[PDB]
Amino acid sequence: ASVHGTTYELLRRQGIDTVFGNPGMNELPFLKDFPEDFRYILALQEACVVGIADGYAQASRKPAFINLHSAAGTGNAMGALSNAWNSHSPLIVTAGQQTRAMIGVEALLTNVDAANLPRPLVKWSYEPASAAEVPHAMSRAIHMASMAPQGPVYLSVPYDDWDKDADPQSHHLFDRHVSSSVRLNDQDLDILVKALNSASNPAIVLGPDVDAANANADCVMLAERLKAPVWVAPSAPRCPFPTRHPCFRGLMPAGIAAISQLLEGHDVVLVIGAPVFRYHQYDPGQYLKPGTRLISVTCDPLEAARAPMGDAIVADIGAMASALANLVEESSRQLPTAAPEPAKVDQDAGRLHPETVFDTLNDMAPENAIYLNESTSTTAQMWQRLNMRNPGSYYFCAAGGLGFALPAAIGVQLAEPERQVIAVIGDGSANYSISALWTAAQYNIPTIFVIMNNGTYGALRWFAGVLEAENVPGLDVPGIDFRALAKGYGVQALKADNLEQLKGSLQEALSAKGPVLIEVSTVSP
Amino acid sequence: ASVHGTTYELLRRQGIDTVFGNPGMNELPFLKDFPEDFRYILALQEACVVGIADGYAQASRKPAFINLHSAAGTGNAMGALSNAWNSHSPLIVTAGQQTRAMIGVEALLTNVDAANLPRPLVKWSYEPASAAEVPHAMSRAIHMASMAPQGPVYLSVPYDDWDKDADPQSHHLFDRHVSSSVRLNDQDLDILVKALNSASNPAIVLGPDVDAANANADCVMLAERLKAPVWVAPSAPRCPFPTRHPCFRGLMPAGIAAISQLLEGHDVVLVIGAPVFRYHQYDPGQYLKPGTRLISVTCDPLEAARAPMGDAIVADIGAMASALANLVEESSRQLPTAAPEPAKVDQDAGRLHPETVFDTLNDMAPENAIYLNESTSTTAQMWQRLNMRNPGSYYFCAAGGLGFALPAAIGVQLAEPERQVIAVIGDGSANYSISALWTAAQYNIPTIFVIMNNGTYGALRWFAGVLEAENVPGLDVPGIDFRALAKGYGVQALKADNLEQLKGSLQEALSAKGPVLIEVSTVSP
Amino acid sequence: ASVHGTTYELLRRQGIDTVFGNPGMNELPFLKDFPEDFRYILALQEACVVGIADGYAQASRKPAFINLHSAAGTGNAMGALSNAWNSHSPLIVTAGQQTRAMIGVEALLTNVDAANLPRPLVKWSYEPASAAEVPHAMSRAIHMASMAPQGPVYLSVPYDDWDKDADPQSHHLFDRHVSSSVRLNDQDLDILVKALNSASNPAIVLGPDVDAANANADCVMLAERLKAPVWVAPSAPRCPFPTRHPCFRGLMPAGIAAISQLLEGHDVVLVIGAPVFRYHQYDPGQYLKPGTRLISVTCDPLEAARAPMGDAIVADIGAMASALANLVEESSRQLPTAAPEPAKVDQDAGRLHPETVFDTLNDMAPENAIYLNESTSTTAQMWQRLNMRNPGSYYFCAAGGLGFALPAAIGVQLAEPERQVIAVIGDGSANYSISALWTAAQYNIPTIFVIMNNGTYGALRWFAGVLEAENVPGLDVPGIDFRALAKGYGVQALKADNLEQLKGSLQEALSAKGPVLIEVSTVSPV
Ligand SMILES: Cc1ncc(C[n+]2csc(CCOP(=O)(O)OP(=O)(O)O)c2C)c(N)n1
Ligand SMILES: Cc1ncc(C[n+]2csc(CCOP(=O)(O)OP(=O)(O)O)c2C)c(N)n1
Ligand SMILES: Cc1ncc(C[n+]2csc(CCOP(=O)(O)OP(=O)(O)O)c2C)c(N)n1
Ligand SMILES: [Ca+2]
Ligand SMILES: [Ca+2]
């Protein structure tokens, strides 16, 4: 068989049936004779291609396949690649390389030193030394992406390899099954269990790897057993817990001092599926107040090694959560009391306060909605005013890289056609990957886009104030008609200048059958 | 406290008490006020420094700490790092960098783009952005090297960082315990054990991670239970099974065809702590023959990803091995029959054959001896003729990089002062790190060095013969006097031109007080 | 044609006839049927292989070809490559890779991510995408090494490539001639010449690239016309100027403050072929005192960019030096004030002071001797006491990496059979590349090795002192017998325990036919 055929067989047999891409001259020899059991998803830009794939991989909890054009295409995606890395997304990035005979002369379309391009934002980057090796390298890439901790990979392949004769011994790759579903040995696990049952005032902290592992329900059972308060690790890329559950305590502020102070009083603090920690703002202080010990359970050796305090276990989050939830005894302590309901902010007949939007989104959206956030100045209000009962109901750019929510909201919706995806994106952030809108329309992927328009970078201006920094240029974004952009890419558009219009626009988008964008006028800071 | 104080406190609390090094100007501010509870092992050149630390780390099954000088020192040790990578040696390599104020002008001794230098032969590579961050980076290096899969790490530290004040929060890293002692979940583990129980003709292949995890005994119990034959994986850097056990079948040849042929007949083949496969010579064919199904247990995701066949499980070798040995049913099949005893080769009163040397060593060395091998052309005869009952009995350069055995043998002897270490080393390979001899004499480490002197790069002449390659230069190394080399570095020397002399020198060396080198006149190929 | 035949044809057509190597299996398909117009130099260890090739490349002023084994052999030589990078040595480093079919499975001997290995110490790292591209790749490596600024390059070749058919169009690369022999345009050169003519108190500073270009004599002319004092840039890897010329000022100490002080009062300071500057010891102060202007002529963009002060011109040192020597006016100023003569140090009949050794070498050695230095605590004294009036008379680890001088002194001597190489090497430094001696014996290369045995890492102890560092481990190296090491590798050995023995040993070694090692008992700094 050919490399072309042997490779499509490898993907098939590994459970791959979708290729998100933007094509070039180097990817043609691979894209040709596109099998009937595969489906192609075009995006007009590479950051969009990878963002859609990303959203898709995270929601489906399975690797996504990507096909990009040489260096220019690989480069245009590296922003999105930055987010994927931080979110442990299993992305198999494949880029086309110039014909082997033209690489030396560095002809146009030649990915020079290709393996180094994506570094250091990838787990594995490689260019095969021969055509016949392609299938095997594809196997490595697939498994390298899928193994815990999950992450994006990169494979460069000359477009002249696809027609070449594949190595018959390649068939051994087809049904290779690699497992990293592992957990702490019985002995050291019983000691951890013992320590948990002996804790007088334990707290729990959950990160994105919990939602990734669909370990959410096990973490609920674990929290209820231990009758422990639950927090989401700072800068959360996902939601690992029910926001209305009695134990839930909200999202931790992304600061050293704020976190140690919040943990003060708790003797044992168990962190699951989160870096320790994902700080953001400057808040020098004590990592942990005396009397508080920390135990981290991550699937990433890099997270475990860099943690400034506490002990760590490197195991699979799905396996560990399940074991712990089924091992720990039921504490007699009283079950924590659910946090009070956020008060309703005063709203006039003019511009809408972000608080009003969320309260409104929470009232009208189906219970199994899926929210994406890239309204940077309103993350706190969002996490508080949005009741998210189910797994994989929240997504936020994991390396803080803007341009992720728009496309990712498309990939998620594609992966979850039964759940209404609602992307909440600031007017600034909506520009980074605006072209992505075209994909939602072309394939009729029914994402509802909510654009919060403050005419500026609320977040940036804020930080500006927390630095007393005056005379900063480039913070305003006036003169952007999001309705016209939506029209440009064939997506139904709507506007809400007030609460009355907001309620109306939302009505009509949940009833609509295709993608819908709503530009909402929000107060300025 | 100073970064200096805090850093040594960290090393100490993490169980490190030994520094293997060759000092430079950028290392003195680190080395000054050397605490009494630490020991410093000086080697004359950096391949020797690392090699010794490698042997030490492998034998002790704990991280070894190394201190080298900037780029030139790190550079000199690169070859040694390639072996360490392949052998998963937990080595924390640190190099002195120019004072921060003089980095910009690239002053003499400035490690340019330092983190990139050792790549790609290290798990992690880093230079802290500030002095206060040194301790934390050191904590990372420590854990990144100890965690599975174990391997060398690299830390570059500007020499002015040591006197600066350390962060008071750094005390949290002192007692951080990180665990990767994990095994497959209960559900999937059951499936595996059932598969092993159901096998009609099982075979077991073992690699170096078995010996490193001291799982040798557990593997012995496993093979006794399944009554299946046991093989060591090709290009073995270690021995993880009694070479006299009834199940032991020896070192697999390092060829694709030869391995698939050996494995023909066995329905299920269990590979533990080894790559699949570490082939060497070009021997094209089938990876496996039909009827054979492969299951691999590895602690390194890189190995699981690049296996061209079989299923893989990524987990700690210790926990996995111990789990399987105490779970599998005891087959009723008849325990395999021990392999015959190598045949005695005809030996005249002249040049000694490698077979004779090994037979004499075996009939004279203590039962708990430890052997290192850098006698390239006689590896096969070595594995057949040495009885190695105990774990940690064999070391061989894991990436084939010559210059390992000699320093490593000193590192091992240092690690195991109660076990007589005997390094067998070709006349060719003895020169790569000849200078390490001095460390053996200086620190009174009684390692025995057997130099197999045939006057030529033997394994090279062999290969050249298989490739029908003619007129190849640089294969002969005449005119080296090893006794004179040993006298040069203060190491007692003896020579064995015949058997009588061999017996006598061996008896004298085993008795001698300090290190001893025997130059043996062997026959050529 | 095979890739093997074509590659060897390219090498000869490019002037290469020597291959410095340590063979491995991956390199055997390359070394086989070794052509009769080529010669192979074996060294027993990689750093020794590269070090010899380095000395050979620097002395001959031509690129040198290297053949090493996969990752491990490349790795062993990376310390030596750090020195070569700093000395702009044109070294073509080739390493054999596993057969293309066994790279994926990462068989033993596989060089993983090979091109990344020697980075950041190479101008170019590459592994070709196919067998037929090898020749083109070797062409690139050859030219990347030879083009200013010259440096080491790296090429990894799967061993199954050598037998495969080469592209017939590969013959176009045979006579390819690349030139970077360039100087500053006429208009901007005139402006520079005017600034030199108009200077009231100009000073000249010269680095290693001057000696590399053989621009020493043009610098002499220039220094004479400008009647300017001449200094060698700090951490000098080579000697760019007659040490006894009336203009010679000596070696600049490697300190910021020391240098601005030495340059005070000079209105214009012209630096040629050196980084600005290769400082060493922490010596904070003013880069340049006010009233002092700096002009740097370098062949390396990296050097011009990183200079903390001054204007820079990136051009060929050979051409720029020649143009300037022949363009400047002759000044009627008086020559620099004569340098004091270095004093004869107090010397008993016991252990030898470095200064006694240097004066004695200077008295007995031929006018055209070549000295290498890896005697780390005696460098300043060496420069004062050795009269080197010829080009290419001095070499010293350019990145400060020990293990250079001994192998390099062999490369140099091979390259200069008519000039007597004298390597002055510390007891510490001698160990990094001890096995190189074997190469001297085998090919009968008459290098003389002077081992300065003081029992200690002298420079370190000194630094420990200038730091007030107490209880530093590992500064002593007792119990090394260098006569034994020499015998071990088949090199004739002598011992100098005092002045009388030293004189006799030097006389004897200067008349010997093969290589000689002299162990000199010197006084310790203690
Ligand atoms: C690609 C990228 N560019 C720039 C930034 C820095 N940044 C963070 S928030 C922000 C403005 C976002 O404003 P908007 O999306 O309108 O939401 P708001 O902050 O107004 O709530 C910028 C530029 C980033 N995180 N990613
Ligand atoms: C650092 C390094 N250099 C070169 C090689 C290639 N090589 C492998 S075996 C060998 C000859 C070894 O000679 P000797 O130690 O005498 O063993 P023998 O083959 O003679 O038994 C060489 C040059 C290597 N593997 N590693
Ligand atoms: C590869 C390498 N290792 C270590 C050093 C640090 N170093 C610089 S000088 C020196 C002392 C060398 O001693 P020796 O050769 O006896 O000369 P001496 O100082 O006694 O004159 C050392 C270890 C270095 N520069 N390069
Ligand atoms: Ca030999
Ligand atoms: Ca010394």
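Scope of the values below: all heavy atoms of this structure, side chains included, with no hydrogens, waters or symmetry mates. Remember, it's 1-based here, ligands and their atoms both numbered in the order they're listed. Numbered from 1 within each chain, the chains take letters A, B, ... in sequence-line order.
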What protein heavy atom lies closest to [atom]? Include the residue and the distance to one decimal.
atom                    : answer
atom 15 (O) of ligand 2 : B/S429 OG, 2.1 Å
atom 13 (O) of ligand 2 : B/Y457 CD2, 3.5 Å
atom 23 (C) of ligand 2 : C/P23 O, 2.9 Å
atom 21 (O) of ligand 2 : B/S377 OG, 2.6 Å
atom 12 (C) of ligand 2 : B/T376 OG1, 3.0 Å

Could you tell me if any non-hydrogen atom of [X] lies under 4.0 Å from any atom of ligand 2?
X      : value
B/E374 : yes
B/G403 : no
B/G400 : yes

- Task: Give a yes/no answer: is there an N/O/S atom of B/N453 under 3.0 Å from the Ca ion (ligand 4)?
- Result: no
- Measure from the Ca ion (ligand 4) to each N, O or S atom of B/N454 and report whether any distance is below 3.0 Å. yes
Okay, side chain of [X], backbone of [Y]: is any donor-acceptor separation there less than 3.5 Å?
X      : Y      : result
C/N22  : C/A43  : yes
B/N454 : B/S521 : no
C/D481 : C/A484 : yes
B/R351 : B/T522 : yes
B/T447 : B/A409 : yes
C/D427 : C/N453 : no
C/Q98  : B/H280 : yes

- Item | B/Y282 atom OH, over 12 foreign heavy atoms within 6.0 Å | no
- Tell me which one of B/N453, B/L402, C/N76 gets a heavy atom nearest to atom 7 (N) of ligand 2. B/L402
- Run down the list C/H69, C/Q45, B/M452 and name the one with the heavy atom closest to atom 24 (C) of ligand 2. C/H69
Residue pair [X] / [Y]: nearest heavy atoms and the distance that separates them:
X      : Y      : result
C/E374 : C/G403 : OE1-N, 2.7 Å
B/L517 : B/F482 : CD2-O, 3.9 Å
C/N26  : C/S70  : ND2-CB, 3.6 Å

Ligand-residue contact atoms, ligand 2 with [X], heavy atoms, under 4.0 Å:
X      : value
B/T456 : 16 (O), 20 (O)
B/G458 : 18 (P), 19 (O), 20 (O)
C/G24  : 6 (C)
B/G426 : 14 (P), 15 (O), 16 (O)
C/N22  : 3 (N), 4 (C)
B/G428 : 13 (O), 14 (P), 15 (O), 16 (O)
B/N454 : 16 (O), 20 (O)

- Query: Is the shortest heavy-atom distance from the side chain of C/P158 to the side chain of C/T99 under 4.5 Å?
  - Reply: no
- Query: Is there a side-chain contact between B/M382 and B/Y394, using heavy atoms and a 4.5 Å cut-off?
  - Reply: yes
- Item | Presence of N, O or S from C/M452 under 3.0 Å of the Ca ion (ligand 5) | no
- Do NZ/NE/NH1/NH2 and the carboxylate oxygens of B/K495 and B/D497 come within less than 4.0 Å? yes
- Message: Below 3.5 Å, N or O to N or O, backbone or side chain included: is there any such pair between C/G73 and ligand 2?
- Response: no
- Is C/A72 close to ligand 2, meaning an N/O of one under 3.5 Å from an N/O of the other? no
- Please name the atom of B/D427, restricted to N, O or S, that is closest to the Ca ion (ligand 4). OD1
- Item | Mode of B/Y432 contact toward ligand 2 - side chain, backbone, both, neither (heavy atoms, under 4.0 Å) | side chain
